[PDB]
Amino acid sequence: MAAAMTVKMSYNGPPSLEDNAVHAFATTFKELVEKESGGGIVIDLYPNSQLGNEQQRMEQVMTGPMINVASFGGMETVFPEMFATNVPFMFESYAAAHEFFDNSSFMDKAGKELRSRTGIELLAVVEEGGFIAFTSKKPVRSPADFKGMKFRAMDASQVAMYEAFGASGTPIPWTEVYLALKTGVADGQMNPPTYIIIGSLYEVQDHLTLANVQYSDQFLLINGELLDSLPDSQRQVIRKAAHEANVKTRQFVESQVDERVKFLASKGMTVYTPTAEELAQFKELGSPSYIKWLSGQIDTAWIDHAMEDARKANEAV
C-alpha cells in the first residue's frame, strides 16, 4: 500500500512548548493533522530556522512540497502587500485582529493574490506573541527618545518606522539579533515578550517599553502544488487543523502575556508603560509615516481595503 505523506515543516526558535508560541502551534498542528488524517499525513518538525533564513525558506516553500512558518522578513520578499495588515495601532484588541485575519475580505483577496503570484497557499495567520514592544539599553518613552539610536529591523517596514522616529534601521536576521545587540551594531529592537525570552535578549537589553505598537503574527505557508495534489478530505484536514491549532495557540499567547513581562522584569529588565499622551504620539507619528512609506512599494488600493476592513473588525467586536 502507498506510503504515508511526509511533509517537512520549518519555523523559527527552539522546540520549547513553554516559551515558543510557534513551536506550540507546530506541535498541536502536527498532532491534529496526524490524528485527523488517520496517519495518512505525517508532519516532520524543523525548529530553529534550521533549514535557512527567512528568504531561503520562502524559496524552499515555493519550489518544493513543504510547510513554512514565515515572518514579515520572509513575506516581504514576494508579497509586501501583507504589510497593509501591519499598520501601527490598526487593531484595538486581540479579538479585532482575530476577526480581521479570519473573516475579512482583505484576507480572501490577499490570499488569492499570494497564491496566484507565488504558488504558496496561506493556511493561517499565526499569533505568536502579544502586541509588539521595544527593547533597548536606554529608556524609551516616546518617539522623541529614538533620535540618534540604532535599532535592529526584521523587515523594511520596521526600517521605515525607526527612521520616522529619528533612529536608523538595520535589517538583521532573527538568529543573529543577540550578536548584533551585544557587539554594538544595534541598540534596540522590537518584538513581543515571547521572542525577547526565547532569544534571551534580556541579557543584552535592560529596558522594555510596552507600547503595544503592532499585532504580532507569522504566516503558515504551504506549497500550493502539494496541497492541491492531496485528495479533498486531506486538504480539509490540513485547513481545519491549521485553524484549530491557531485558536489554541492564541490562548497560549494571550493568557501568559502578563507573566512573560513579569519574567522579563525578574531578569533585570526595567519595564515601562507609555502614558496615554506618549502613545498618542507613537501613533500620530508612526501610523501615517508607515502608510506613506508603504504607498511607495505597493498599490494604495491594498492600504484602503485593509484600513476599511480593520475599521469594520474593530467595530464588529
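Each residue number is its position in the shown sequence, starting from 1.
In this entry, 172 to 180 shows the higher mean Cα temperature factor of the pair 172 to 180 and 195 to 203. Between 161 to 169 and 241 to 249, the higher mean Cα B-factor belongs to 161 to 169.
The PDB entry gives the largest Cα B-factor of the residues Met149, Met82, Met190, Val78 to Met149. Within the group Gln281, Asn53, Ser289, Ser266, the record's highest C-alpha temperature factor is found at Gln281. Per-chain ranking of the deposited C-alpha B factor places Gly129 in the lowest third.
Ranked within its chain, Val257 lands in the middle third, by CA B factor from the PDB record. Placement of the Cα temperature factor of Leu226 within the chain: highest third of the modelled residues, per the deposited record. Sort the modelled residues of the chain by CA B factor and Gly119 lands in the middle third. Per-chain ranking of the deposited C-alpha B factor places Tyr46 in the middle third.
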